[PDB]
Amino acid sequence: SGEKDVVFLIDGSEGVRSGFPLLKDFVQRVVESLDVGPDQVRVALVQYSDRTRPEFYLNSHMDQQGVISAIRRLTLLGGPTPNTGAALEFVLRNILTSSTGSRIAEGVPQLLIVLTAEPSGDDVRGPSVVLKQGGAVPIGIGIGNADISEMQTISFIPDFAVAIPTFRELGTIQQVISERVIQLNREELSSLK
């Protein structure tokens, strides 16, 4: 993979309560495929609903076992709606920063994996533009009642968006999502607009 910064942005609103254990499994499984280390892949995770709660930053746990432990202990944030736009902007402002471990200034890809299961409670259009202008490379994964149109808007290019019918089908895309993290590189990303 070379070096990558990978941020998981996870909808923790009421709509995901039932599916949350499977969401945690999926994230763990993606991380199991990566070479996590201070000099390799760094991982961060944020939950969101009507507010955004960082769980860990890119420099919080820089070995795989520790990142996996942090994922396993996650508890549902809770909340009435997924304000996905506000959460995207929070990530750009507060997570993709040198001071919290991001290698953005050195040209390391900033991969953002967004997992949500409802239509956004806020407008994602404006935030999506800002995020991509700011150097984030998002992959929007919309589960269940999420809108693939919103995932297309959020994603680095529309074709990065993924729809899956149910939380139980997250396993079916773990391999392809891992491979994106591993295979995406700075120059290839630049070539895509």
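So that there is no doubt, residue numbering starts at 1 and follows the sequence shown.
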Original post:
Which is higher in the entry, the mean Cα B factor of 115 to 123 or that of 74 to 82?
Top reply: 74 to 82
Original post:
Per the PDB record, is the mean Cα temperature factor higher over 148 to 156 or over 62 to 70?
Top reply: 62 to 70
Original post:
Looking at 141, 27, 131, 36, which has the biggest Cα B factor in the entry?
Top reply: 131
Original post:
Based on the entry's values, in what third of the chain does the Cα temperature factor of residue 110 lie: lowest, middle or highest?
Top reply: lowest
Original post:
For residue 3, does the deposited CA B-factor place it in the lowest, middle or highest third of the chain?
Top reply: middle
**OP:** Would you mind checking where the Cα B-factor of residue 16 ranks among the modelled residues of its chain, as the lowest, middle or highest third?
**Re:** highest
Original post:
Taking the C-alpha B-factors as the PDB entry records them, is residue 102 in the lowest, middle or highest third of its chain?
Top reply: lowest
Original post:
According to the PDB entry, is the CA B factor of residue 177 in the bottom, middle or top third of its chain, that is, lowest, middle or highest?
Top reply: middle
